[PDB]
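Right, one structure below, let's go through it.
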Amino acid sequence: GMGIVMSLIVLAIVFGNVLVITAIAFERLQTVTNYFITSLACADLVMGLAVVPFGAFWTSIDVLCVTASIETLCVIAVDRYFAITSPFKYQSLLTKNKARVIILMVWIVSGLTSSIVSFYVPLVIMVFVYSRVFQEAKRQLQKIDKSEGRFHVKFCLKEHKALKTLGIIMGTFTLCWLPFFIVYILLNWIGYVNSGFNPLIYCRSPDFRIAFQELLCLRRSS
Amino acid sequence: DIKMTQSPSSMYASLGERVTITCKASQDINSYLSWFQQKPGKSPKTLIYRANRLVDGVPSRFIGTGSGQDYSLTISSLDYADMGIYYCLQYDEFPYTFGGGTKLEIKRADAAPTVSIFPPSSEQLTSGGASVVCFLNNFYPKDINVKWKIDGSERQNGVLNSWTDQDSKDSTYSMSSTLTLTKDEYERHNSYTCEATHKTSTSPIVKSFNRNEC
Amino acid sequence: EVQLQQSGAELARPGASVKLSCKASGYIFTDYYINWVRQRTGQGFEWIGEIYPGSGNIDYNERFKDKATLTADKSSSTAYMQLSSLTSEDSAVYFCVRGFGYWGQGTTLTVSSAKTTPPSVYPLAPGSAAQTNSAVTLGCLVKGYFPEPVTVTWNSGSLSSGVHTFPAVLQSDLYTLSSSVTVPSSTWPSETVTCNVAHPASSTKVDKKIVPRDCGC
């Protein structure tokens, strides 16, 4: 009974992560921050077609997936930092072609690989580097001319929700894999829950809402 | 929160002269102050924001100049249209705190009221009651006064008065006083007089009518 | 053509709830915060909250914290204010500003157990054919309506120069008010003159032509 019930969850990891992969590959959605979000899409789709099914070379991929997620979660907090502390535009200095090479390197290193090497370290820095970001993003957020927006006639409040949607996607992966790295099968089941949150929070938070609704023929809010 | 006083409270100035109103806050706002204008029966139109930056479409005769904790709206060469209640506002921090709002009026030349009394419309009498209206129009200064007389005798029971704010063009004051009666109440008397005493004259201006001969 | 439209009049019983809307059109909705300000009758203003349509950041005043809840609609380009468990002291004019730059029309909310009743409009005309001036002043008396407010014009907006409309005065739970208009004696009895009353709280628009008099007197 409960087994067949968990079969619907699988489709969520083969559909919720597909509508994302094909989304990035619209012109407006093609960005570096979204180029690592699609990296986590593959790490989630592979764990949904290779790990979830058989679990409900097989363990080799189970590691490659998870040890690449929390690894890229670190890549994000460091990339977005080089964009806020940046002088020019709210935009990382990582080029499109240099984003692909650091994406390919995330997999190889994640493959040659431990809860301190592939969990602690990448989460330790990922939390502090991002903590530095959310703090600076507040100092700058309201260093803005107060007159701006009420007497009209660059980092702003809109770009401040881009770190909210990224702050929760990074804040959920931790509470879903922390008790696990800290019944043992149930907490290893809580880990698989982060597979249905990515396409969920990417609705009522970012632009993806409009992306997802397009990929599905003018769903409802048209 | 953040108190913001605003002196003066009342102010009578004459056309051509420069009125100046000051607005001080308790905290130190970063010139994040605004000046706006409420006119009787309208929605507040904004004149200035950011301490000195006139809003687009506002006469260049409005001049905001302040810094830190104390600011002030100045209007060189006062125009007739510049009559109302001016408020200041700070938007430096929450919660946004408005000022008390200074009220500005224009001193005119003394003018006697154009009094006129109207008997209960034939339409209302048939309805049920009878309202006797009387208008004391276009007079300065604002302080006016009326007393109702009926059949020589006089009373002030059930009277509903109301004054306007300074007129746009005429820059004057008008009042309306209506004593409301029943059909029966109004039918029981004949003489209905409306006497208005004003600074303009020592002889009270008087209007009246008789329910009968009409 | 910048403007924020509002209801103008909203009646609601005590303990109830109202949802005031503000339809902006004349600029890009998601470029400006919209603020809601409360101004009680003949009193100053008090900031209620400030919702930014673009993002969603809503900042309330501690006072209206658990009272009002702002909400925007990026599509309809209209912003609402949810006001809950209304009380007798909630009655006032609720403004929808485009960030203290362009103030909205204003909605006259009134919390009361009282029922709505449109005004009666009676014409006032010269008494005993007293032609004692180059100009004659008539008027119309809009009596007994609830709640506030009512629009009083003359000749459908045509006549303006020389008209006075007096602020409503509560008399026995019902509002009364008058309007007086002056014209050249060489015009009125000759050319039609009418006063138009409008009471939104009831969707009541009224016109009132002024026949000279009974003659006849």
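Protein chains in written order, with the numbering used here: chain A, 1 to 222; chain B, 1001 to 1214; chain C, 2001 to 2217. By construction, the Cβ of each residue, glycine as well, lies at the ideal position given by its N, Cα and C atoms.
Test item: CB-CB of A/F119 and A/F173 under 8 angstroms: Position 119 of the first sequence, counting from 1, holds the residue named residue 119 of chain A. Position 173 of the first sequence, counting from 1, holds the residue named residue 173 of chain A. Cβ distance not < 8 angstroms, so A/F119 and A/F173 don't count as in contact.
Helix, strand or coil at B/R1155 [DSSP, three-state]: One-based indexing of the second sequence puts residue 1155 of chain B at position 155. Of the three classes helix, strand and coil, the one that applies to B/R1155 here is strand, per DSSP.
Alpha-carbon to alpha-carbon, C/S2017 and A/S60: In the first sequence, residue 60 of chain A corresponds to position 60, counting from 1. In the third sequence, residue 2017 of chain C corresponds to position 17, counting from 1. One C-alpha to the other measures close to 59 angstroms.
Helix, strand or coil at C/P2184 [DSSP, three-state]: Here the question's residue 2184 of chain C lines up with position 184 in the third sequence. C/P2184 falls in the strand class under three-state DSSP.
Environment of residue 224 of chain A [buried if 16+ CB atoms lie within 10 Å]: Given that chain A is displayed from residue 1 to residue 222, the structure contains no residue 224 of chain A and the question cannot be resolved.
Near-chain A residues of the segment 2033-2055 of chain C - C-beta to any C-beta below 7 angstroms: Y2033, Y2052, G2054 and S2055
Cβ-Cβ distance between C/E2050 and C/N2035 below 8 angstroms: On the third sequence, residue 2050 of chain C is found 50 positions in, with the first residue counted as 1. On the third sequence, residue 2035 of chain C is found 35 positions in, with the first residue counted as 1. Contact flag set, yes.
Check whether C/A2068 and C/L2086 have beta carbons under 8 angstroms apart: For the purposes of this step, residue 2068 of chain C is taken as residue 68 along the third sequence, with counting starting at 1. For the purposes of this step, residue 2086 of chain C is taken as residue 86 along the third sequence, with counting starting at 1. Cβ atoms of C/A2068 and C/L2086: not closer than 8 angstroms.
Closer than 8 angstroms at the beta carbon, the chain C residues around B/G1100: One-based indexing of the second sequence puts residue 1100 of chain B at position 100. Ordered by position in chain C, the residues that pass the 8 angstroms Cβ test against B/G1100 are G2044.
Closer than 7 angstroms at the beta carbon, the chain C residues around A/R139: Position 139 of the first sequence holds residue 139 of chain A. Correct list: empty, because the minimum Cβ distance to chain C is about 16 angstroms.
Reduced DSSP secondary structure (H/G/I, E/B, other) of A/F212: Translated into the one-based positions of the first sequence, residue 212 of chain A becomes position 212. Helix, per DSSP.
Euclidean distance between Cα positions of A/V106 and B/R1053: As a working note, residue 106 of chain A is residue 106 in the first sequence. As a working note, residue 1053 of chain B is residue 53 in the second sequence. Spanning the two alpha carbons is a distance of roughly 53 angstroms.
Cβ-based burial, A/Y184 [other Cβ within 10 Å; buried from 16]: As a working note, residue 184 of chain A is residue 184 in the first sequence. Exposed, since its Cβ has fewer than 16 Cβ neighbours within 10 Å.
DSSP state of B/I1063 mapped onto helix, strand, coil: As a working mapping, residue 1063 of chain B is identified with position 63 in the second sequence. Strand, per DSSP.
Where B/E1154 falls, given that 16 or more other Cβ within 10 Å makes a residue buried: As a working note, residue 1154 of chain B is residue 154 in the second sequence. Exposed.
Cβ contact check for the segment 1158-1165 of chain B and the segment 1190-1207 of chain B: 3 or more pairs under 8 angstroms: no
Cβ-based burial, C/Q2006 [other Cβ within 10 Å; buried from 16]: By one-based count along the third sequence, residue 2006 of chain C stands at place 6. Under this definition C/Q2006 is a buried residue.
Beta-carbon gap between B/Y1096 and B/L1089 smaller than 8 angstroms: In the second sequence, residue 1096 of chain B corresponds to position 96, counting from 1. In the second sequence, residue 1089 of chain B corresponds to position 89, counting from 1. Contact flag set, yes.
Contact check, A/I169 vs A/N188, beta carbons under 8 angstroms: Walking along the first sequence from the start, residue 169 of chain A turns up at place 169. Walking along the first sequence from the start, residue 188 of chain A turns up at place 188. Contact flag unset, no.
Residue-level contact to chain C via CB, B/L1033, 8 angstroms cutoff: For the purposes of this step, residue 1033 of chain B is taken as the residue at position 33 of the second sequence. False, the Cβ-Cβ gap to chain C never drops below 8 angstroms.
Reduced DSSP category for A/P199 - H, G, I as helix; E, B as strand; rest coil: Taking the first residue of the first sequence as position 1, residue 199 of chain A is located at position 199. In the structure shown, A/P199 sits in a helix (DSSP, three-state: H, G or I).
is_contact[B/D1001, chain A] using C-beta, thresh 8 angstroms: Mapped onto the second sequence, residue 1001 of chain B falls at position 1. Chain A contact via Cβ: absent.
Residue from B/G1066, B/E1195, B/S1067 and B/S1168 with nearest C-alpha to residue 1225 of chain B: Outside the shown range of chain B (1001 to 1214) lies residue 1225 of chain B, about which nothing can therefore be said.
Within chain B, the residues that C/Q2171 reaches when beta carbons sit closer than 8 angstroms: Looking up residue 2171 of chain C in the third sequence gives position 171. Residues of chain B passing the Cβ test: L1160 and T1180.
Chain B residues whose Cβ lies nearer than 7 angstroms to that of C/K2143: One-based indexing of the third sequence puts residue 2143 of chain C at position 143. Neighbours of C/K2143 on chain B, chain order: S1131.
DSSP beta-bridge partners of A/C65: Working through the first sequence from its first residue, we reach residue 65 of chain A at position 65. A/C65 is not bridged to any residue.
Same chain, Cβ closer than 6 angstroms to B/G1099, neighbours up to 5 away in sequence not counted: Within the second sequence, residue 1099 of chain B is the residue found at index 99, counting from 1. Excluding residues within five positions, the ones whose Cβ falls inside 6 angstroms are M1004, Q1006, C1023, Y1087 and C1088.
Opposing strand residues paired with C/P2123 [DSSP bridges]: Counting from one through the third sequence, the residue named residue 2123 of chain C turns up at place 123. Paired residues: C/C2140.
Contact check, B/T1046 vs B/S1031, beta carbons under 8 angstroms: Your numbering for residue 1046 of chain B matches position 46 in the second sequence. Your numbering for residue 1031 of chain B matches position 31 in the second sequence. Contact: no.
Nearest neighbour of C/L2170, chosen from B/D1165, B/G1064, B/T1178 and B/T1172 [CA to CA]: Reading the third sequence from its first residue, position 170 is the one you call residue 2170 of chain C. Here the closest residue by C-alpha is B/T1178.
Chain C residues whose Cβ lies nearer than 8 angstroms to that of residue 1217 of chain B: As shown, chain B starts at 1001 and ends at 1214. That puts residue 1217 of chain B outside it, with no answer to give.
Burial state of A/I116, where buried means 16 or more other Cβ atoms lie within 10 Å: Within the first sequence, numbered from 1, the residue matching residue 116 of chain A stands at position 116. Counting Cβ neighbours within 10 Å, A/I116 comes out exposed, since fewer than 16 surround it.
Element boundaries [alpha helix (DSSP H), containing A/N188]: Within the first sequence, residue 188 of chain A is the residue found at index 188, counting from 1. Note, A/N188: alpha helix (DSSP H), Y184 to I190.
Check: A/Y120 C-beta below 7 angstroms from any heavy atom of the ligand ADP: The model depicted lacks the ligand ADP and carries no ligand whatsoever.
Alpha-carbon to alpha-carbon, A/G149 and C/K2074: Sequence index remark: in the third sequence, residue 2074 of chain C carries index 74 (1-based). Sequence index remark: in the first sequence, residue 149 of chain A carries index 149 (1-based). Computed Cα separation, rounded: 16 angstroms.
Three or more C-beta pairs below 8 angstroms linking the segment 1167-1185 of chain B and the segment 1047-1067 of chain B: no
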